[PDB]
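S.K.: Take this structure first; my questions come after.
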Amino acid sequence: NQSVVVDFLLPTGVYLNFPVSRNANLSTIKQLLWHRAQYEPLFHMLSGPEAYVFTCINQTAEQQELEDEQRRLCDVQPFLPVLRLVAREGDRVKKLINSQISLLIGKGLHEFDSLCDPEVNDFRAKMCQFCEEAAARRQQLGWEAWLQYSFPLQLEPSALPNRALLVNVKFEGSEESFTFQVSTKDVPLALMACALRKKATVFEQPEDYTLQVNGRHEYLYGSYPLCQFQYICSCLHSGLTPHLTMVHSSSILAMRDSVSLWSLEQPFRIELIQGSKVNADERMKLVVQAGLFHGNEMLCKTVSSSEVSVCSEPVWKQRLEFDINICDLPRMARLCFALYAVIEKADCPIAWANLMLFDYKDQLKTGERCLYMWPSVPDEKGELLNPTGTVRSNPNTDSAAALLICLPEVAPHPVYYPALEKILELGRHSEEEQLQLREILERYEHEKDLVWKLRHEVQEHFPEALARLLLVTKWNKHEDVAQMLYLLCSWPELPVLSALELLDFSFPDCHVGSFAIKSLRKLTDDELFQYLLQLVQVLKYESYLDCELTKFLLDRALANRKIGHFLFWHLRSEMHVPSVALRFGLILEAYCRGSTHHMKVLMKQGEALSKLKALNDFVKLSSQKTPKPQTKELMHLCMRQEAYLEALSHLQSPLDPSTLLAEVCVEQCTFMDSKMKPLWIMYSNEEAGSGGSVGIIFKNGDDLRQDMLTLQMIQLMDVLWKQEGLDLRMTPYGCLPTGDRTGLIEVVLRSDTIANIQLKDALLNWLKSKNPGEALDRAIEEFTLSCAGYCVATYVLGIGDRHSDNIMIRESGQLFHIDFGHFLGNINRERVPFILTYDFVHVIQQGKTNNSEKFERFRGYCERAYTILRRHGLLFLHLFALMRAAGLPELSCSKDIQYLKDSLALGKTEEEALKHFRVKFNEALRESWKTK
Amino acid sequence: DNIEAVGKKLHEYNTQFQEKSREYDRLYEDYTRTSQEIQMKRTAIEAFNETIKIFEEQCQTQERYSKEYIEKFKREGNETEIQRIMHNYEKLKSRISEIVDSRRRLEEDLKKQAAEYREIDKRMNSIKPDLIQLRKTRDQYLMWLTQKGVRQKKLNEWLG
Ligand SMILES: C[C@@H](c1oc(=O)c2ccccc2c1C1=CCN(C)CC1)n1nc(-c2cc(O)cc(F)c2)c2c(N)ncnc21
Ligand SMILES: [Cl-]
């Protein structure tokens with residue numbers, strides 16, 4: 001139905017109930033309300049319409065004062081159609097932001113209050129102050145700094161030939177433009193000057209200008225040459241004339257506007273009182289295994305309770321003493337429970353739960369604690385406990401199972417884990433063996449003790465072996481913990497590569513993570529971006545809410561808008577996961593508060609995303625009943641509705657916020673009538689140029705994280721190759737998870753799949769029909785370079801699942817791989833061989849039988865490509881290690897990482913590795929003929 | 001005992017493990033789906049509470065605001081003004097009852113779905129021991145045939 005009856009609560013106590021249109025804006029509803037109110041009592045005591053604001057209860061259960069009255073009631077989306085008039089006055093800016101945050105981050109901000117938690121409340125106090133302040137300091141800086149913040153430089157890696165080519169520059173609010181020639185090695189200041197000279201023909205300074213690539217939020221500035229910019233690099237390669245606009249600084253300003261722990265030598269213990277809401281088999285009996293942990297390793301032996309009979313509310317009431325003293329517990333000591341169901345005496349993991357012993361203020365937890373457990377999932381490892389599992393409580397306190405335990409009072413005063421000054425106190429005072437150390441470090445219980453004895457030598461001569469020396473340390477003895485922490489203070493700064501290793505769950509200590517972040521501060525924004533996905537997943541390993549890694553990510557998010565955008569979506573797309581909903585919720589709130597400009601961008605994207613979900617659901621409801629042409633017509637009729645059209649129109653692309661999705665081309669929109677039924681949405685932009693058309697695929701039903709991870713890794717290789725002067729013409733198109741099994745994929749235009757193009761020498765003739773005459777030599781070189789790149793990439797990453805309909809080719813000649821579903825050999829797995837395909841090998845050789853000259857160049861590209869990845873092999877191992885946090889089925893253990901060790905052959909030397917690669921190559925060249 | 005009879009058992013036990021793995025993974029989808037629906041129901045109830053609460057502030061206002069204003073025309077001039085106000089008030093109170101009835105219905109479904117959540121988990125925890133014991137059995141037979149020296153090709157054809 002079109003209309004809807006809305007309840008209206010007037011400030012006099014009077015009540016009105018009349019129908020309004022779902023499409024009416026709130027400004028129109030006030031007018032109608034006032035018109036109706038005049039015929040109800042107490043009207044003469046109301047002030048004017050403009051004196052009041054509507055209030056509603058939004059979908060997240062909070063009062064929201066509806067300041068923007070150009071919004072439709074269907075866009076406001078109140079819980080029940082109920083609006084209350086209230087006084088405008090107050091702190092309207094704080095109230096507006098808090099509501100917008102709740103709606104954007106998914107969770108209502110009241111739910112953080114509802115918890116009654118010091119750690120949450122302290123986190124929200126400290127970070128929101130930090131982010132608000134950083135945003136305030138950002139405003140007081142100049143337009144240049146703001147331009148660097150908002151539109152950071154997009155450069156080509158290495159951040160040679162000096163040919164000349166034309167370039168179009170103009171000024172804002174002017175149809176006419178001045179075309180002129182410049183060189184590739186010119187700085188951007190020199191380009192502006194010629195435009196300002198061309199301006200001064202009949203008739204300012206260059207330093208009060210920047211160049212905007214028109215149709216985009218992408219600006220050319222700084223002390224880099226014109227060639228190093230991605231636009232001019234993409235223009236000079238393609239041949240298109242680079243269009244630019246001269247923006248004034250004022251126009252950029254327009255956009256901008258005493259008890260000791262070690263004295264207590266008593267053994268550790270807990271009272272195990274009760275279970276709760278336990279759903280097990282009544283014939284069986286319940287047992288609770290408990291174990292202390294510091295990372296993956298145990299601090300002492302794992303104790304157990306007695307066998308009580310299975311019921312909803314089992315009652316144990318037992319002391320469970322452990323083989324460790326209260327003084328010996330390290331800062332990150334982690335008590336870990338698992339409730340098991342066992343058969344009648346003379347195993348079913350029911351649930352599990354973990355608890356940090358010390359709290360966030362460093363105090364040892366005392367008294368009763370109710371751990372709402374997480375349900376155990378059967379896995380291949382078959383472990384007893386889940387020490388790597390999350391430390392937060394299960395949010396489903398309504399129906400989830402619980403274990404009631406009580407950590408007893410260790411002393412009358414509250415005892416804390418000692419401060420750094422007293423840690424360094426204990427740590428301060430305390431040719432032959434060097435040969436064995438070299439051999440062990442530069443390559444077990446014997447070896448670990450040698451690493452411990454010569455730890456000063458490890459610090460002195462083997463600084464990069466810090467991770468090894470950490471894992472050999474005995475964290476269940478406080479003397480040993482002090483000594484290792486003492487060395488850590490004076491430990492020399494490690495490179496980014498070594499720091500990444502230290503962010504893994506194996507190193508839970510706060511000082512280690514702090515050291516790790518201390519070494520990641522040298523990251524430039526470009527390189528941070530390559531690891532952002534990995535860093536966000538590591539947040540799931542953190543014990544406490546406030547951590548050095550969280551501060552780091554927010555700092556970089558607030559200093560670079562592009563980084564914050566992707567930080568936001570990475571976090572936002574996991575808010576459906578109870579494990580991280582709270583943690584991620586709190587980081588997103590802090591971000592928003594220091595990023596009110598980008599909130600308006602993110603708000604627009606969210607409502608674009610919300611309409612597409614609805615639009616895809618309608619297409620799913622329609623495609624089962626009706627055929628495609630009618631459903632395609634019915635998709636457009638929905639899209640052309642004001643609510644839809646305005647929401648989908650005029651937004652920054654989530655996949656790239658510099659791309660401007662302006663006018664949706666409804667005629668060119670469509671969907672694929674198989675599988676999850678992904679929407680194909682096309683946009684236009686007359687200000688842009690030849691690449692004025694852009695596309696997005698909205699898919700809802702698959703989890704896009706593994707497709708993003710794989711795409712991200714191919715992008716990394718492409719950067720790593722480019723840095724050594726090798727461009728293999730890859731297409732690492734964008735892929736962004738935005739929600740629960742929901743995301744956007746960047747459309748690569750002017751491309752079909754090999755399967756569709758093949759419907760004798762079909763690919764060679766297709767490339768002829770897209771590159772006739774002298775263009776064909778480009779297309780084959782684009783094919784050969786790219787084919788080599790994706791041959792190596794898919795080999796190294798262990799990518800199965802390849803076939804004619806998930807490899808695509810571009811009209812330029814470039815071959816590229818899409819829709820990555822499986823990797824690292826993978827559910828059982830086998831080694832994927834290196835795979836040459838006859839049809840590709842046919843195109844590479846220009847359609848001949850034997851073309852040894854060309855084929856050797858292709859052989860060389862593969863060898864060189866593969867050799868370069870080997871030089872950065874540890875980067876891939878470390879990055880993949882941290883992705884185990886993501887809980888991907890195919891990336892969840894040490895053997896999944898071992899696949900990359902073997903495929904890159906890190907255990908072999910550089911000569912020996914390339915000899916094996918040749919054998920795999922040739923065998924692939926032979927196997928391409930055989931089998932039919 | 002013999003390699004054919006053990007390999008034949010490896011095939012039967014793997015099929016049974018694959019079927020049981022599907023049944024658990026199907027039930028686990030329902031545990032998550034139900035888990036999300038209950039949390040949505042829980043927020044909707046808080047939304048009802050917050051709405052009801054706003055209506056009860058309206059009554060407070062209605063009484064406080066009537067009291068003072070009503071005395072000026074309480075038997076002084078027009079008692080028609082009084083009847084419009086109190087009829088309008090009964091219209092407010094009457095709306096609250098519906099919203100309460102709608103809150104009441106969502107409480108009833110949340111109770112019924114809390115029971116459902118609980119029966120999924122109970123059925124999940126009954127399957128786990130058989131799923132695990134079929135995982136170990138499958139693996140022991142694989143280990144036995146590998147020791148006996150059975151080639152990887154022959155193991156593949158048994159595994160599915
Ligand atoms: C297979 C093709 C495609 O995918 C659809 O889903 C679709 C939907 C409605 C209409 C056409 C389509 C098509 C086309 C079919 C035939 N056309 C001549 C070309 C386009 N495709 N698929 C991905 C793609 C890549 C991913 O990593 C993940 C993902 F989920 C999709 C993709 C891309 N990134 N860029 C370009 N084309 C792309
Ligand atoms: Cl409802």
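Each chain in the structure tokens gets a letter, A, B, ..., in the order shown, and its residues are numbered from 1; ligands are numbered from 1 in order too.
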Enumerate, as a VMD selection string, the complete set of residues in stretch 503-715 of chain A that a backbone-based DSSP assignment places in helix (DSSP H, G or I).
M.R.: chain A and resid 510 to 520 525 to 541 548 to 559 561 to 572 578 to 593 596 to 625 628 to 639 642 to 648 705 to 715
S.K.: Could you save the residues just selected, with C-alpha atoms, as a short mmCIF file (atom, residue, chain, number, x, y, z; two decimals), in the first residue's frame?
M.R.:
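Produced file again10.cif, reproduced below:
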```cif
data_model
loop_
_atom_site.label_atom_id
_atom_site.label_comp_id
_atom_site.auth_asym_id
_atom_site.auth_seq_id
_atom_site.Cartn_x
_atom_site.Cartn_y
_atom_site.Cartn_z
CA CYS A 510 51.34 -6.10 25.27
CA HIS A 511 55.03 -5.08 25.13
CA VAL A 512 55.57 -7.30 22.07
CA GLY A 513 52.57 -5.84 20.23
CA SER A 514 53.66 -2.35 21.25
CA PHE A 515 57.14 -3.08 19.85
CA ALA A 516 55.44 -4.49 16.73
CA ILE A 517 53.39 -1.29 16.17
CA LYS A 518 56.46 0.82 17.04
CA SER A 519 58.10 -0.76 13.94
CA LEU A 520 54.98 -0.38 11.69
CA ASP A 525 50.09 5.03 3.37
CA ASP A 526 50.52 3.08 0.07
CA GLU A 527 52.22 0.07 1.70
CA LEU A 528 49.91 0.17 4.78
CA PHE A 529 47.01 -0.15 2.35
CA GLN A 530 48.48 -3.46 1.02
CA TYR A 531 48.34 -4.93 4.59
CA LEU A 532 45.20 -3.17 5.96
CA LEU A 533 43.02 -6.28 5.56
CA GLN A 534 45.57 -8.36 7.52
CA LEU A 535 45.94 -5.82 10.33
CA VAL A 536 42.10 -5.58 10.80
CA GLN A 537 41.79 -9.39 11.23
CA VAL A 538 44.54 -9.34 13.92
CA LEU A 539 42.14 -7.22 16.08
CA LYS A 540 40.26 -10.53 16.71
CA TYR A 541 43.36 -11.79 18.60
CA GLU A 548 48.24 -0.13 20.49
CA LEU A 549 47.05 -1.66 17.17
CA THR A 550 43.60 -0.03 17.51
CA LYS A 551 45.19 3.38 18.19
CA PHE A 552 47.48 2.83 15.20
CA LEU A 553 44.68 2.01 12.74
CA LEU A 554 42.57 4.98 13.94
CA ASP A 555 45.59 7.36 13.72
CA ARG A 556 46.20 6.34 10.09
CA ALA A 557 42.45 6.39 9.32
CA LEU A 558 42.19 9.98 10.60
CA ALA A 559 45.33 11.09 8.68
CA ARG A 561 40.68 9.49 4.17
CA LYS A 562 41.25 6.60 1.70
CA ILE A 563 42.61 4.36 4.50
CA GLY A 564 39.69 5.28 6.81
CA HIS A 565 37.18 4.42 4.07
CA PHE A 566 38.52 0.91 3.73
CA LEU A 567 39.07 0.57 7.49
CA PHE A 568 35.35 1.41 7.86
CA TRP A 569 34.10 -1.21 5.37
CA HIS A 570 36.42 -3.97 6.61
CA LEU A 571 35.02 -3.44 10.11
CA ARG A 572 31.41 -2.70 8.99
CA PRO A 578 28.73 -11.70 17.31
CA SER A 579 32.41 -12.47 18.13
CA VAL A 580 33.59 -9.02 16.92
CA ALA A 581 30.33 -6.94 16.83
CA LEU A 582 31.25 -5.11 20.07
CA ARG A 583 34.97 -4.56 19.33
CA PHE A 584 34.38 -3.43 15.75
CA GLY A 585 31.34 -1.39 16.83
CA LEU A 586 33.48 0.67 19.22
CA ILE A 587 36.24 1.31 16.59
CA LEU A 588 33.68 2.41 13.94
CA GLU A 589 32.16 4.91 16.45
CA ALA A 590 35.54 6.50 17.19
CA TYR A 591 36.30 6.68 13.44
CA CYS A 592 33.00 8.42 12.59
CA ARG A 593 33.51 11.06 15.30
CA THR A 596 32.13 13.64 9.88
CA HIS A 597 32.77 14.58 6.22
CA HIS A 598 33.26 10.99 5.19
CA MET A 599 30.23 9.96 7.27
CA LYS A 600 28.09 11.77 4.70
CA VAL A 601 29.86 9.79 1.96
CA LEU A 602 29.46 6.52 3.91
CA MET A 603 25.80 7.27 4.74
CA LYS A 604 25.03 7.70 1.00
CA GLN A 605 26.81 4.41 0.18
CA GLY A 606 24.92 2.51 2.89
CA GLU A 607 21.53 3.59 1.55
CA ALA A 608 22.68 2.77 -1.99
CA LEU A 609 23.61 -0.65 -0.58
CA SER A 610 20.33 -0.99 1.31
CA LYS A 611 18.24 -0.31 -1.84
CA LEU A 612 20.25 -2.79 -3.97
CA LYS A 613 19.68 -5.61 -1.40
CA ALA A 614 15.95 -4.89 -1.65
CA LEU A 615 16.26 -4.64 -5.47
CA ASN A 616 18.13 -7.98 -5.64
CA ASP A 617 15.53 -9.67 -3.35
CA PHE A 618 12.70 -8.53 -5.66
CA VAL A 619 14.65 -9.93 -8.64
CA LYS A 620 15.09 -13.20 -6.67
CA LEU A 621 11.33 -13.29 -5.90
CA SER A 622 10.48 -12.47 -9.56
CA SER A 623 12.99 -14.72 -11.42
CA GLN A 624 11.51 -17.95 -10.00
CA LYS A 625 7.97 -17.05 -11.16
CA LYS A 628 14.22 -12.88 -17.46
CA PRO A 629 13.02 -10.19 -19.98
CA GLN A 630 9.91 -9.39 -17.86
CA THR A 631 11.95 -9.50 -14.61
CA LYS A 632 14.58 -7.26 -16.27
CA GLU A 633 11.75 -4.84 -17.17
CA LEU A 634 10.35 -5.08 -13.60
CA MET A 635 13.86 -4.36 -12.18
CA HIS A 636 13.93 -1.06 -14.11
CA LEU A 637 10.40 -0.06 -13.03
CA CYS A 638 11.53 -0.42 -9.39
CA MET A 639 14.85 1.38 -10.06
CA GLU A 642 12.35 8.41 -6.80
CA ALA A 643 13.38 6.63 -3.57
CA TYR A 644 15.54 4.15 -5.52
CA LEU A 645 16.83 6.43 -8.31
CA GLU A 646 17.97 9.20 -5.90
CA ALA A 647 19.56 6.66 -3.51
CA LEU A 648 21.49 4.82 -6.24
CA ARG A 705 36.43 -12.20 1.59
CA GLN A 706 38.40 -15.03 -0.07
CA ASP A 707 37.84 -13.39 -3.47
CA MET A 708 39.10 -10.10 -1.99
CA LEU A 709 42.10 -11.76 -0.29
CA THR A 710 43.12 -13.47 -3.54
CA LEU A 711 42.57 -10.28 -5.56
CA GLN A 712 44.56 -8.34 -2.96
CA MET A 713 47.46 -10.84 -3.23
CA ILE A 714 47.53 -10.56 -7.06
CA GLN A 715 47.63 -6.75 -6.59
#
```
S.K.: Any residue with an atom at most 12 Å from ligand 2 counts, using only C-alpha atoms and all ligand atoms. Which are they? Put them as a list in words.
M.R.: residues 57, 58, 59, 77, 78, 79, 80, 81 and 82 of chain A; 40, 41, 43, 44, 45, 47, 48, 51, 98, 99, 101, 102, 103, 105 and 106 of chain B
S.K.: Given a cut-off of 8 Å, what residues near ligand 1 show up using only C-alpha atoms and all ligand atoms, put as JSON, numbers by chain?
M.R.: {"A": [670, 671, 672, 673, 677, 678, 679, 680, 697, 698, 699, 704, 707, 708, 711, 733, 734, 735, 744, 745, 746, 747, 748, 749, 750, 751, 752, 753, 756, 805, 806, 808, 817, 818, 819, 820]}
S.K.: Emit the selected residues as a short mmCIF file (atom, residue, chain, number, x, y, z; two decimals), in the first residue's frame, including N, CA and C atoms.
M.R.:
```cif
data_model
loop_
_atom_site.label_atom_id
_atom_site.label_comp_id
_atom_site.auth_asym_id
_atom_site.auth_seq_id
_atom_site.Cartn_x
_atom_site.Cartn_y
_atom_site.Cartn_z
N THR A 670 21.20 -4.77 -15.44
CA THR A 670 20.69 -6.13 -15.63
C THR A 670 21.11 -7.07 -14.48
N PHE A 671 20.85 -8.37 -14.65
CA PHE A 671 21.29 -9.40 -13.70
C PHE A 671 21.52 -10.75 -14.40
N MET A 672 22.39 -11.57 -13.81
CA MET A 672 22.66 -12.92 -14.30
C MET A 672 21.66 -13.88 -13.65
N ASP A 673 20.93 -14.65 -14.46
CA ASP A 673 19.80 -15.48 -13.99
C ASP A 673 20.20 -16.85 -13.41
N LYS A 677 22.48 -14.66 -8.32
CA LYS A 677 21.72 -13.70 -9.13
C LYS A 677 22.23 -12.25 -8.98
N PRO A 678 23.53 -12.03 -9.26
CA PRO A 678 24.18 -10.74 -9.03
C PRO A 678 23.69 -9.64 -9.97
N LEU A 679 23.46 -8.46 -9.40
CA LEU A 679 22.99 -7.30 -10.17
C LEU A 679 24.16 -6.62 -10.87
N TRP A 680 23.91 -6.20 -12.11
CA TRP A 680 24.86 -5.46 -12.92
C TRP A 680 24.29 -4.08 -13.04
N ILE A 697 29.09 -4.65 -9.81
CA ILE A 697 28.28 -5.84 -9.60
C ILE A 697 27.94 -5.88 -8.12
N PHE A 698 26.65 -5.93 -7.81
CA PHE A 698 26.18 -6.18 -6.44
C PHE A 698 25.78 -7.64 -6.36
N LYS A 699 26.48 -8.42 -5.54
CA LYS A 699 26.16 -9.82 -5.32
C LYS A 699 25.81 -10.02 -3.85
N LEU A 704 32.47 -12.79 0.11
CA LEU A 704 33.46 -12.26 -0.86
C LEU A 704 34.88 -12.03 -0.30
N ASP A 707 37.65 -14.01 -2.16
CA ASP A 707 37.84 -13.39 -3.47
C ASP A 707 38.60 -12.07 -3.35
N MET A 708 38.34 -11.32 -2.28
CA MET A 708 39.10 -10.10 -1.99
C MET A 708 40.55 -10.40 -1.62
N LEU A 711 42.40 -11.48 -4.73
CA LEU A 711 42.57 -10.28 -5.56
C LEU A 711 43.61 -9.32 -4.98
N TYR A 733 41.18 -5.78 -10.42
CA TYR A 733 39.92 -5.06 -10.19
C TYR A 733 39.47 -5.14 -8.73
N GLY A 734 38.68 -4.16 -8.29
CA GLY A 734 38.25 -4.05 -6.90
C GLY A 734 37.17 -5.03 -6.48
N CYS A 735 37.23 -5.45 -5.21
CA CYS A 735 36.25 -6.36 -4.61
C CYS A 735 36.13 -6.02 -3.12
N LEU A 744 30.28 -5.55 -3.24
CA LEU A 744 30.40 -5.00 -4.57
C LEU A 744 31.68 -5.49 -5.23
N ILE A 745 31.62 -5.72 -6.54
CA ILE A 745 32.77 -6.02 -7.38
C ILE A 745 32.86 -4.96 -8.50
N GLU A 746 34.08 -4.52 -8.81
CA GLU A 746 34.33 -3.57 -9.89
C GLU A 746 34.16 -4.30 -11.21
N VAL A 747 33.37 -3.72 -12.10
CA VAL A 747 33.21 -4.23 -13.45
C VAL A 747 34.45 -3.86 -14.25
N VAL A 748 35.03 -4.85 -14.92
CA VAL A 748 36.01 -4.63 -15.98
C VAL A 748 35.25 -4.60 -17.31
N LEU A 749 35.06 -3.40 -17.87
CA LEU A 749 34.34 -3.25 -19.15
C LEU A 749 35.13 -3.83 -20.33
N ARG A 750 34.48 -3.91 -21.49
CA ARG A 750 35.13 -4.34 -22.73
C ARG A 750 35.86 -5.67 -22.52
N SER A 751 35.11 -6.68 -22.11
CA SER A 751 35.67 -8.00 -21.82
C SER A 751 34.59 -9.07 -21.75
N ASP A 752 34.86 -10.22 -22.36
CA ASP A 752 34.04 -11.42 -22.18
C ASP A 752 34.93 -12.55 -21.68
N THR A 753 34.29 -13.65 -21.29
CA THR A 753 34.98 -14.87 -20.87
C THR A 753 35.41 -15.74 -22.05
N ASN A 756 32.63 -17.95 -23.51
CA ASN A 756 31.69 -17.24 -24.39
C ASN A 756 32.30 -16.82 -25.72
N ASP A 805 35.09 -20.53 -18.11
CA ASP A 805 34.10 -19.51 -17.71
C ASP A 805 34.44 -18.69 -16.45
N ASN A 806 35.60 -18.91 -15.83
CA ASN A 806 36.14 -18.01 -14.77
C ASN A 806 37.51 -17.38 -15.11
N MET A 808 38.68 -14.44 -17.96
CA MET A 808 38.17 -13.47 -18.94
C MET A 808 39.29 -12.85 -19.75
N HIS A 817 41.91 -13.30 -14.49
CA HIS A 817 41.19 -14.33 -13.75
C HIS A 817 40.20 -13.70 -12.80
N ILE A 818 39.01 -14.29 -12.71
CA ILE A 818 37.93 -13.80 -11.85
C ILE A 818 37.34 -14.85 -10.92
N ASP A 819 36.64 -14.36 -9.90
CA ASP A 819 35.73 -15.17 -9.11
C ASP A 819 36.47 -16.29 -8.39
N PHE A 820 37.49 -15.91 -7.63
CA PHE A 820 38.35 -16.86 -6.94
C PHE A 820 37.60 -17.49 -5.77
#
```
S.K.: Taking a cut-off of 7 Å and counting only C-alpha atoms, can you build a table that, for each residue of chain A near chain B, reports the nearest atom pair and how far apart they are in Å (one decimal), sorted by chain then residue number, as JSON lines?
M.R.:
```
{"residue": "A:12", "atom": "CA", "partner": "B:65", "partner_atom": "CA", "distance": 6.5}
{"residue": "A:13", "atom": "CA", "partner": "B:62", "partner_atom": "CA", "distance": 4.1}
{"residue": "A:14", "atom": "CA", "partner": "B:88", "partner_atom": "CA", "distance": 6.5}
{"residue": "A:15", "atom": "CA", "partner": "B:92", "partner_atom": "CA", "distance": 6.1}
{"residue": "A:41", "atom": "CA", "partner": "B:85", "partner_atom": "CA", "distance": 6.3}
{"residue": "A:57", "atom": "CA", "partner": "B:51", "partner_atom": "CA", "distance": 6.5}
{"residue": "A:60", "atom": "CA", "partner": "B:43", "partner_atom": "CA", "distance": 6.7}
{"residue": "A:61", "atom": "CA", "partner": "B:47", "partner_atom": "CA", "distance": 4.2}
{"residue": "A:79", "atom": "CA", "partner": "B:47", "partner_atom": "CA", "distance": 6.8}
{"residue": "A:279", "atom": "CA", "partner": "B:122", "partner_atom": "CA", "distance": 4.7}
{"residue": "A:280", "atom": "CA", "partner": "B:122", "partner_atom": "CA", "distance": 5.5}
{"residue": "A:281", "atom": "CA", "partner": "B:126", "partner_atom": "CA", "distance": 6.3}
{"residue": "A:347", "atom": "CA", "partner": "B:129", "partner_atom": "CA", "distance": 5.9}
{"residue": "A:348", "atom": "CA", "partner": "B:129", "partner_atom": "CA", "distance": 5.1}
{"residue": "A:350", "atom": "CA", "partner": "B:125", "partner_atom": "CA", "distance": 6.2}
{"residue": "A:378", "atom": "CA", "partner": "B:128", "partner_atom": "CA", "distance": 7.0}
{"residue": "A:399", "atom": "CA", "partner": "B:114", "partner_atom": "CA", "distance": 6.3}
```
S.K.: Excluding stretch 140-155 of chain B and residues on its chain fewer than 4 positions from it, collect all residues at most 10 Å away from it, counting only C-alpha atoms, and give them as an mmCIF file with N, CA and C atoms, in the first residue's frame.
M.R.:
```cif
data_model
loop_
_atom_site.group_PDB
_atom_site.id
_atom_site.type_symbol
_atom_site.label_atom_id
_atom_site.label_comp_id
_atom_site.auth_asym_id
_atom_site.auth_seq_id
_atom_site.Cartn_x
_atom_site.Cartn_y
_atom_site.Cartn_z
ATOM 1 N N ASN B 2 42.059 -57.819 5.044
ATOM 2 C CA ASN B 2 42.691 -57.675 3.724
ATOM 3 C C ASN B 2 42.506 -56.250 3.199
ATOM 4 N N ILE B 3 43.291 -55.883 2.190
ATOM 5 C CA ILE B 3 43.322 -54.503 1.687
ATOM 6 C C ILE B 3 42.022 -54.100 0.978
ATOM 7 N N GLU B 4 41.401 -55.035 0.264
ATOM 8 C CA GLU B 4 40.110 -54.771 -0.382
ATOM 9 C C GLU B 4 38.991 -54.538 0.636
ATOM 10 N N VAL B 6 39.217 -53.654 3.858
ATOM 11 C CA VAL B 6 39.467 -52.423 4.624
ATOM 12 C C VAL B 6 39.191 -51.184 3.768
ATOM 13 N N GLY B 7 39.673 -51.195 2.525
ATOM 14 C CA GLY B 7 39.388 -50.129 1.556
ATOM 15 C C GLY B 7 37.911 -49.982 1.233
ATOM 16 N N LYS B 9 35.616 -50.714 3.429
ATOM 17 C CA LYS B 9 35.104 -50.103 4.665
ATOM 18 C C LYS B 9 35.448 -48.613 4.746
ATOM 19 N N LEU B 10 36.677 -48.252 4.367
ATOM 20 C CA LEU B 10 37.086 -46.844 4.218
ATOM 21 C C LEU B 10 36.126 -46.035 3.333
ATOM 22 N N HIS B 11 35.560 -46.660 2.304
ATOM 23 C CA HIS B 11 34.619 -45.991 1.405
ATOM 24 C C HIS B 11 33.274 -45.803 2.049
ATOM 25 N N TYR B 13 32.597 -45.818 5.376
ATOM 26 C CA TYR B 13 32.759 -44.900 6.514
ATOM 27 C C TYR B 13 32.967 -43.440 6.096
ATOM 28 N N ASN B 14 33.632 -43.211 4.961
ATOM 29 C CA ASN B 14 33.816 -41.848 4.442
ATOM 30 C C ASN B 14 32.500 -41.246 3.940
ATOM 31 N N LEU B 134 33.207 -40.885 13.536
ATOM 32 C CA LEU B 134 33.332 -41.186 12.100
ATOM 33 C C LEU B 134 34.533 -40.487 11.455
ATOM 34 N N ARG B 135 34.977 -39.363 12.012
ATOM 35 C CA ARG B 135 36.215 -38.719 11.556
ATOM 36 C C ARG B 135 37.451 -39.559 11.921
ATOM 37 N N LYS B 136 37.505 -40.043 13.161
ATOM 38 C CA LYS B 136 38.631 -40.850 13.637
ATOM 39 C C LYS B 136 38.700 -42.219 12.952
ATOM 40 N N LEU B 159 37.911 -42.749 -1.177
ATOM 41 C CA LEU B 159 37.446 -41.494 -0.561
ATOM 42 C C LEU B 159 36.506 -40.737 -1.518
ATOM 43 N N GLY B 160 35.211 -41.044 -1.421
ATOM 44 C CA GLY B 160 34.200 -40.483 -2.318
ATOM 45 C C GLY B 160 34.244 -41.105 -3.706
#
```
